[PDB]
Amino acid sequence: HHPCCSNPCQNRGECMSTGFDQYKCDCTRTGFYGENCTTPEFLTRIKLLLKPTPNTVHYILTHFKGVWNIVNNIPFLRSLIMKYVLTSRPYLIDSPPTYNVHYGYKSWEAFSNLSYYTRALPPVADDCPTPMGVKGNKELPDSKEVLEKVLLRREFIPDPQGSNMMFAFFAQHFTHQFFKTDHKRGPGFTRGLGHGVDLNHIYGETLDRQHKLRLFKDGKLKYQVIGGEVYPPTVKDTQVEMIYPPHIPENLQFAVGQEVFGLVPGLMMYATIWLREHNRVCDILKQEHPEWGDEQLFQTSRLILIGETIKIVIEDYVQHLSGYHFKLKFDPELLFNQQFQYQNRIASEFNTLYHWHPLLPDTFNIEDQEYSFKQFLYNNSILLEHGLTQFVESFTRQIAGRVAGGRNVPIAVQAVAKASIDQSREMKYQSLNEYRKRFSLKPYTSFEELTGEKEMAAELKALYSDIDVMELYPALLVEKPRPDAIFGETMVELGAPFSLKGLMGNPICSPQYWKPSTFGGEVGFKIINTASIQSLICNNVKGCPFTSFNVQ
């Protein structure tokens, strides 16, 4: 079989077959050498001893609040610290991208073809003896068995950081613009050829879909008015293909950028908020530029809302996740004197780790009601009956589930959580400890080190035998959470660079784009640099209800 099946090359060294049963490791710019790239250079040997562990870094960022209070209020220091945050993890991500599900080696097909999700690690070769390479049994444990033993939820576990439903639905809405998996081809393929924050879930992936959603007046998007309230247009009026069960009323079949946003009222909530924000920005720009035509009012507004989305995600969404005392800042200027590629390619592993099913509650508490999944699905009437204001007020108060720690996936979505395990095996992912080493983390030496607990670790060991063949996705959900946090180490050290890559890698963050003229002048620019999840809701939802990503 393939001589690289055992994954011998360490420290980002690249493995290559030299014969039928011999290999060679490419230690180019790894900082190491030797047959397996395990012998470090002198300078490398220094960089290792002086490198702080991720847990050491996390402690500092979550403690000494009196010190960060000083820093956060010194713009020079804040920008300086943030400059480090954004330049810290420096080569963890291949850009331009490399492998994908069909190529364990670099090729032009893998680079050019935008339909593929890219891969941080190459897949396991087909003719490898065991699923994870050479270690482990001839077969991985039954996925259902793994699901029910350590993943499925017994009793609802709240998020100790206090994440609410405003957060959970934002995460689903925001990420499903670049996590558009194309099941017609397979789990390794995507429909989001933009590979990042292009707001295609609001405007549409194709130009043909966009023009059906547009009004072609003042740059706005088509809309309807129900009970004096602005809601998205219908499938019938725009002739936009959406995903709805046949038994859904015509006027409740809303049409938006993403075909699947009719699935959940919480998504339609955000789909409605952003539609209003777009038309709001149109109004502001038309006031500033009465000379502009419809097309320019539209395009400029889209770039503005893109900036808003990136602004909010960093300084609200990621800030809440981090739990840091340090105030994250969105300022593209901090990369202009740095080496950074203004491009991005969505990793399949970035998709996989973002399956935060445990975030979901058992019921959805709106006003005085508590709907179940069977009731909540495709019930756009709920959104209408209650209104956006009561949606915001209710979802700001309702707590969300904990992602890590194990056993918190709702039974309602068991078929989805299991599908994540199966498709991870279809795309032939490498093991948990292989992705830890890939992102400069110490491999787990025991299942009890992974979960920090004896019970699930016992069950996991009986299922997998070896810790070195533990799978990625279930490990992320059963991993020992950081102190009073929502994630474990692996979720963060892998997730942080992937997230910040698609955010800062956007063209509007480039020097030639990051100008007032790009966004219609100082007015449009100001909309972005002052945007927040609070202001978003305050400007578009009636009554301006208080909101946040935390229940407090």
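Residue numbers run from 1 along the displayed sequence.
Engineer: When the C-alpha temperature factors are averaged for each of 248 to 256 and 318 to 326, which stretch ends up with the higher value in the entry?
Structural biologist: Averaging CA B-factors over each stretch, the winner is 248 to 256.
Engineer: Quick check: 81 to 89 versus 352 to 360, which has the larger average CA B-factor in the record?
Structural biologist: Stretch with the greater average CA B-factor: 81 to 89.
Engineer: Highest Cα B-factor in the deposition, which of 346, 71, 275, 120?
Structural biologist: If I rank 346, 71, 275, 120 by C-alpha B-factor, first place goes to 71.
Engineer: Can you pull the Cα B-factors for 109, 94, 385, 198 from the entry and say which is highest?
Structural biologist: Highest CA B-factor of the listed options: 385.
Engineer: Sorting the chain's modelled residues by C-alpha B-factor, tell me whether residue 485 ends up in the lowest, middle or highest third.
Structural biologist: Its C-alpha B-factor, which the entry lists for residue 485, ranks in the middle third among residues of this chain.
Engineer: Sorting the chain's modelled residues by C-alpha B-factor, tell me whether residue 263 ends up in the lowest, middle or highest third.
Structural biologist: Highest third - that is where residue 263 ends up once the chain's C-alpha B-factors are sorted.
Engineer: Going by the CA temperature factor in the PDB record, which third of the chain does residue 428 belong to: lowest, middle or highest?
Structural biologist: Highest third of the chain for residue 428's C-alpha B-factor.
Engineer: Going by the entry, which third of its chain does the Cα temperature factor of residue 452 land in?
Structural biologist: Residue 452: CA B-factor falls in the highest third of its chain.
Engineer: Where does the C-alpha B-factor of residue 333 rank in its chain, lowest, middle or highest third?
Structural biologist: Its C-alpha B-factor, which the entry lists for residue 333, ranks in the middle third among residues of this chain.
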